[PDB]
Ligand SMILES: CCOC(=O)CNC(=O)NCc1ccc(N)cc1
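Have a look below at one chain only, the form deposited without this ligand, in C-alpha cells format.
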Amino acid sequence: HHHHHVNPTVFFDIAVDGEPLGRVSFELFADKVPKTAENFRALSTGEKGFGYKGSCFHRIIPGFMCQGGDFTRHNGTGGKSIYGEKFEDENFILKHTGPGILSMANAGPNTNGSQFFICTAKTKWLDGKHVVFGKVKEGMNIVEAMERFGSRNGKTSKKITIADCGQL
C-alpha cells in the first residue's frame, strides 16, 4: 500500500480448438483510463464472479483486429461491464497507433461493456470512437498466430478461446 500505482498486467492463455496456443499479456493504462482499465482487469481475474475465462474471440479479421469479450452471448451481441450497465467513454487520450493496441468495442458513444479488440495494424480511423486502454506486453506472436484463424468476414475457422486469464 505504500507503492505508487503501477499499471496492471493481465494475461490470457489462448487455446485453439481446445489445444493450448500460448499466453498474451497486456499492460492496462490505469494511469490514463482507470475506470476502463479496472473493468478489464476485474473481468480478467474473475474476482467478481464473472468475466473472460472460457470466452471466445468471435470476430477475427486478419490484418485488422481480434475481437472478444462477449462472455454472455459468445457472438458479439452480449457482454457486461463490472458496473452493471454499459459505461461511458472515459476519454480518448490514447490513440490506435499500431499492432498490439487494446481498445474497447462499442455500439456508439458511451456504450462500453466487456467486448474489446486487439489491433494487428494501425487503425487510426477508430481514434475518438473507441477508448484505448492497454497494449500487448508479451505474446504478440500468439495474437499473430490466432489471427490466422480469422477471415475477411470475421468468422473464425477454429474456435479461439481464453482458456485461462488473470493478473500477473
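Note that residue numbering begins at 1 and tracks the sequence as displayed.
Although it is not shown, the form solved in complex with this ligand is what the next lines describe.
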>> For the form shown, open or blocked once this ligand is overlaid as positioned in the deposited bound form, with the cut-off of 3 or more ligand atoms within 2.4 Å of backbone or C-beta atoms?
In response: open
>> in the deposited bound form, does residue 40 come within 4.5 Å of this ligand, counting heavy atoms only?
In response: no
>> Since only the chain is shown here, I'm wondering whether residue 29 would be in contact with this ligand in the deposited bound form (any heavy atom pair within 4.5 Å).
In response: no
>> Taking this ligand as it sits in the deposited bound form, is residue 126 in contact with it (heavy atom to heavy atom, 4.5 Å or less)?
In response: yes
> Hey, in the deposited bound form, does residue 112 get a heavy atom within 4.5 angstroms of this ligand?
Replying inline: yes
>> At 4.5 Å by heavy atoms, is each residue in 67, 107 and 130 next to this ligand in the deposited bound form?
In response: yes
